[PDB]
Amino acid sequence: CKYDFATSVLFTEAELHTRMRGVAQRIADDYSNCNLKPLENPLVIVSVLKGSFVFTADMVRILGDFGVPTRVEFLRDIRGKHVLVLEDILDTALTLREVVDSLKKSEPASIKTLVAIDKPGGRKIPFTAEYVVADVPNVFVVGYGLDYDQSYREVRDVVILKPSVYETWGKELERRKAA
């Protein structure tokens, strides 16, 4: 494996970007009759969870390439506006269920969701994102904005950490606790 701290790379940055371009084409098609324009009527991107800044930064630029202008708001007026909620990972769906339900109360013209990583096996309630870049199984991943204990968000790929990473850090946490 490329990374000394990982056992597996699941998706490279290049694979993610290729899938993101395919999703951007669909979004450009789906919103083509919405008359989106900078200033007068951008697509409102609502980015949810701290780590989603990486995905949001790459995705709004790719959407711009495909002719979909955006404004961004972070959750870490939309009445009559088109809203696309972005999140780095969708797992239990408890976050997005709450965010979507709250945004609906402001009566946007439409609301859809776009997630970089779906763990469809992780649900605690039923929830389907309109747009999914990639799926993973029920494993804990880091990278592409996703962290372990606030570290590793900067890893360019989505990866599975080595067990020794959690073990060393637990032990150091114990150590610092006693001292």
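All residue numbers refer to positions in the sequence shown, first residue = 1. Take the two forms, superpose them, and find the largest set of C-alpha atoms that agree within 1.5 Å; that set is the rigid core.
- Superposing each structure in 8 other deposited structures of this protein on the rigid core shows that the farther-lying of 15-23 and 157-165, by root-mean-square Cα distance, is 157-165.
- Compared against other deposited entries of this protein, residue 77 counts as often unmodelled, lacking coordinates in at least a third of those that resolve the residues around it.
- According to the entry, the deposited sequence has 10 or more residues without coordinates between residue 76 and residue 77.
- Higher average CA B factor: 26-34, of the stretches 26-34 and 136-144.
- Stretches compared: 120-128, 48-56. Higher mean C-alpha B-factor in the entry: 120-128.
- Residue 151: CA B factor lies in the middle third for its chain, per the PDB record.
- Sort the chain's modelled residues by C-alpha temperature factor and residue 95 lands in the lowest third, per the entry.
- Residue 157: CA B factor lies in the lowest third for its chain, per the PDB record.
- When the modelled residues of the chain are ordered by their C-alpha B factor, residue 103 lands in the middle third.
- Sort the modelled residues of the chain by CA B factor and residue 10 lands in the middle third.
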